[PDB]
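K.L.:
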Amino acid sequence: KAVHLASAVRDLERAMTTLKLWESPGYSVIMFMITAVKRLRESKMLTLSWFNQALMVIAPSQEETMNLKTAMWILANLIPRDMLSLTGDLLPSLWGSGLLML
Amino acid sequence: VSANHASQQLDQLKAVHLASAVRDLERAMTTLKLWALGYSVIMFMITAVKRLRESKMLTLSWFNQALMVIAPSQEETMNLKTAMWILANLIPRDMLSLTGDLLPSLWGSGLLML
Amino acid sequence: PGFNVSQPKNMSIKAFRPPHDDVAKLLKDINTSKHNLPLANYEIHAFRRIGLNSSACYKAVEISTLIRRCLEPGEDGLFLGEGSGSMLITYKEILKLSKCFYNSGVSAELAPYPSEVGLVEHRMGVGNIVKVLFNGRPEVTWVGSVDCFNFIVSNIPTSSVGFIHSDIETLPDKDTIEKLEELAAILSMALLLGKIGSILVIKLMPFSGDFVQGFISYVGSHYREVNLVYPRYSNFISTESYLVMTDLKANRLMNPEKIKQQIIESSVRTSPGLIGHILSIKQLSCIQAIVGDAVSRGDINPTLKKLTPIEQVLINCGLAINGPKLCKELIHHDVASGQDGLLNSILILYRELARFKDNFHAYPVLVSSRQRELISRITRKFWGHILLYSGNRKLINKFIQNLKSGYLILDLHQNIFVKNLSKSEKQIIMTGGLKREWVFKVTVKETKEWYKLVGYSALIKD
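Chains as they are written, first to last, in PDB author numbering: chain G, 65 to 89, 99 to 175; chain F, 52 to 86, 97 to 175; chain A, 1688 to 1690, 1699 to 1704, 1712 to 1740, 1746 to 1815, 1823 to 2073, 2081 to 2183.
1. Given that a residue counts as buried once 16 or more other Cβ atoms are within 10 Å of its Cβ, and exposed if not, what is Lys1845(A)?
2. Does DSSP classify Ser58(F) as helix, strand or coil?
3. Buried or exposed: which applies to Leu163(G), given that a residue is buried once 16 or more other Cβ atoms fall within 10 Å of its Cβ?
4. Output yes if chain F places a C-beta closer than 8 Å to the C-beta of residue 1742(A); else output no.
5. How many Å lie between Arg112(F) and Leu119(F) at the Cα?
6. List the endpoints of the continuous beta strand (DSSP E) containing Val1915(A).
7. From which residue to which residue does the alpha helix (DSSP H) around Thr108(G) run?
8. In this structure, does DSSP put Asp75(G) in helix, strand or coil?
9. Can you give the Cα-Cα distance for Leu1897(A) and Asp1731(A), rounded to whole angstroms?
10. For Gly161(G), which beta-bridge partners are listed by DSSP?
11. What does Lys111(G) touch in chain F if you count any residue whose Cβ is under 9 Å from its own?
12. Please go through the same chain and pick out, in chain order, the residues whose beta-carbon is closer than 6 Å to the beta-carbon of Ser1762(A), but skip the five residues on each side of it.
13. For a contact meaning CB atoms closer than 7 Å, what does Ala72(F) contact in chain G?
14. In chain order, which continuous runs of the alpha helix (DSSP H) of length 4 or greater are located wholly inside the segment 2090-2138 of chain A?
15. Where do the N-terminal and C-terminal ends of the beta strand (DSSP E) with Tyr1937(A) fall, by residue?
16. Does the segment 2007-2023 of chain A touch the segment 2102-2120 of chain A, meaning 3 or more C-beta pairs lie closer than 8 Å?
17. Near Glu2167(A), what residues of its chain come up, given a Cβ to Cβ distance below 8 Å and the 5 sequence neighbours on each side ignored?
18. Cα separation between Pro1780(A) and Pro1871(A)?
19. Please classify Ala1747(A): is it buried, with 16 or more other beta-carbons within 10 angstroms of its beta-carbon, or exposed?
20. Can you check which of these residues, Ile2024(A), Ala2179(A) and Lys1799(A), is closest to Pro1720(A) by C-alpha distance?
21. Can you list the residues of chain G that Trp86(F) reaches, using a CB-CB cut of under 9 Å?
22. Helix or strand or just coil, what does DSSP make of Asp1861(A)?
23. How many Å lie between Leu2180(A) and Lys2140(A) at the Cα?
24. Check whether the Cβ atoms of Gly1923(A) and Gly161(F) sit closer than 8 Å, and answer yes or no.
25. Contact between the segment 2055-2069 of chain A and the segment 1774-1791 of chain A: three or more CB pairs below 8 Å?
26. From residue 2075(A) to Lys1803(A), what distance separates their C-alpha atoms?
27. Excluding five sequence neighbours on each side, which residues of the same chain lie with their C-beta closer than 7 Å to the C-beta of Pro2038(A)?
28. Could you tell me the distance, in whole angstroms, from the CA atom of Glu1971(A) to the CA atom of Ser53(F)?
29. Does the Cβ-Cβ distance between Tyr1765(A) and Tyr1956(A) come in under 8 Å?
30. With burial defined as no fewer than 16 other Cβ atoms inside 10 Å of the residue's Cβ, what is the status of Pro1920(A): buried or exposed?
31. For the alpha helix (DSSP H) that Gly99(G) lies in, which residues bound it at each end?
32. Does DSSP put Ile1878(A) in a helix, in a strand, or in coil?
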């Protein structure tokens, strides 16, 4: 089932790259998601320390913190719950989180 | 070459790149899914992508029809609204004009809390 | 998305006026309507029997019933995307235009002259040139591009023409932005080269999610009276209409790109209610709905037996009956039509099938591949003998029910014309393992030709 996960990471990386080349609009929405998918490509595991460290780096810009939290919530919601721990430790905890209002 | 001809060819090239992105995204989400019939956050998702694969646009009237067919289950309506918000986040703001009318409206809305 | 009472307000006319909607009342009716709340009939080709390449001229006459009081003899006119120019001939006769321009689209003689206009000037008398035509280069024409707009603007004498017409075919897979660029180019040509009394007609085929409604709401400003016209002779399953714009108020020069940005910032992308409203009016007021369905219970309507008066308006100095040459393309029947075509000629194929048996060779394969072919010819000709000359009881209804299913059935048995064959030849045909039933699938275009052949058999039974 790791072969099924890995192949979808390749296809998501191809899709997000082709979206990124055509955009009239710090690693913002989608660009941070490309960074996270590239970390999944390098067999790096999503850890709590990495997300806390990324919060410390991008701490002055509050809007970019909102962008990275939303992008990690994208990656939390799109991945099924069986493979979700195989992604890393961040994504079940972000699956626990939810929006208050649309 | 005048600016008008270059603008037309640029719009055609943007349409081709958007179609390629939609095809790759559909393959990725099908690979994720395959491993009552109340659908969820990804089972909703591909349906909109399937409308983007068959070259028919997302429209407010389609969203009203999709709310009326999913109306007894409020959790599932929340799932489909969140899924269209996911698609609002994935597609860059230039190409929301090409996708339709739903995603420019849903780009403004945002989550209050994580 | 696709899964109803709303009604609209020389060569003598006004007996053929089509349904038209005023644009603003229609737009407010669609916007106030909530709607939502969750086939392929080709009999319309039975009624079109004048026009060899194209039979759209019927539509043209109905549109002329709303143009002729709003224009004098204008001695002008520009036509875009005519496609053999039959509507150009009809509009030139009925509106008394002296000169006509013709654009079309050129696929890479290099000077494509319309076939039907040439046949009309040959059959009428001595006709020289008639239409001006354009360069014929591939960059020339191709409406919606820079070169087309520059070439058309460089030729038309600086706001001179008075009747502008567009009949561009829209593919189902056409992109909406490309169609919007085409309509913006037509509008820019209409404002730059059109005078104050200019009348513009555009063929529109809306779909859900198209940019048509924003263009209509944009073009309602410059022209004082804008109407949408549903022709009676059109196919009711298709959502095609003609937008008619009259009494332009001013002439300005603006690029099509600025118009396109204004329509995109208008952000109106049609409604399912507009498509349903077009379909409802075209179903209620089709030419099939007003004088009855042609197929019936195996009987032809009496209205199609003698020439309808719209066909009598058309036949005076315009086109010809397309019933002849249609038999030549379809059933290989001569124009003289004294039953020398079919009959014994059908028997001739049987005579070939008399000696086709001939009872390290190519016998098992090729023989079968020839035999079917001969039977195919016989099949078509046999249905011709049922449609063109024989009686209509219990066979025309079966033919129409088989054609709507999509198959043509021929049975090789006692049947018809086998009794005229020799007893030895009849024994040869019956002896072999031939199925005694042979189907052949027909396409959509052949179905249209068969419906036109029914429409011409109506005149032969007169």
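C-beta atoms are modelled at their ideal positions from N, C-alpha and C, and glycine is treated no differently.
P.N.:
According to the data block:
1. With 16 or more other Cβ atoms from the protein chains shown falling within 10 Å of its own Cβ, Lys1845(A) counts as buried.
2. Helix, per DSSP.
3. With 16 or more other Cβ atoms within 10 Å, it is buried.
4. Shown without residue 1742(A), the model has chain A running from 1740 straight on to 1746.
5. Distance from the CA atom of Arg112(F) to the CA atom of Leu119(F), rounded to whole angstroms, is 8 Å.
6. Annotation: the continuous beta strand (DSSP E) that includes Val1915(A) extends over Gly1908 to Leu1918.
7. That run of the alpha helix (DSSP H) goes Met104 to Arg114.
8. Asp75(G): helix per DSSP, three-state reduction.
9. For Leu1897(A) and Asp1731(A), the distance between alpha carbons rounds to 24 Å.
10. Per DSSP, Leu119(G).
11. Correct list: empty, because the minimum Cβ distance to chain F is about 15 Å.
12. If you ignore the 5 residues before and after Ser1762(A), its C-beta comes within less than 6 Å of the C-beta of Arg1755, all in its own chain and listed in chain order.
13. Taking a Cβ-Cβ threshold of 7 Å, the residues of chain G close to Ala72(F) are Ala79, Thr82 and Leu83, in chain order.
14. Listed in chain order, they are 2117-2126.
15. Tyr1937 to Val1943 is the extent of the beta strand (DSSP E) around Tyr1937(A).
16. Taking 8 Å as the limit for Cβ pairs, the verdict is that the segment 2007-2023 of chain A does touch the segment 2102-2120 of chain A.
17. Once the five neighbours on either side are set aside, the close Cβ partners of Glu2167(A) are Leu2044.
18. Distance between the alpha carbons of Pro1780(A) and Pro1871(A): 18 Å.
19. Label assigned to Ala1747(A): exposed.
20. Checking every option, the nearest Cα to that of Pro1720(A) belongs to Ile2024(A).
21. Within chain G, the C-beta atoms nearer than 9 Å to that of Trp86(F) come from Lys65, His68, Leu69, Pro153, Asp155 and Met156, in chain order.
22. Residue state for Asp1861(A) is assigned as helix, using DSSP reduced to three classes.
23. Approximately 29 Å, taken between the alpha carbons.
24. Contact check for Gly1923(A) against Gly161(F) passes: the beta carbons are separated by less than 8 Å.
25. The segment 2055-2069 of chain A, when compared against the segment 1774-1791 of chain A, does not touch it at the 8 Å Cβ threshold.
26. Position 2073 is followed directly by 2081 in chain A, which means residue 2075(A) is not present among the coordinates.
27. Hits under 7 Å: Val2049.
28. Distance between the alpha carbons of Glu1971(A) and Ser53(F): 12 Å.
29. In this structure, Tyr1956(A) does not lie closer than 8 Å to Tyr1765(A) by Cβ.
30. Residue environment analysis places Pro1920(A) among the buried positions, since at least 16 neighbouring C-beta atoms fall within 10 angstroms of its C-beta.
31. Looking at the DSSP string, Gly99(G) is not in any alpha helix (DSSP H), and its letter there is neither H nor E.
32. Residue state for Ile1878(A) is assigned as strand, using DSSP reduced to three classes.
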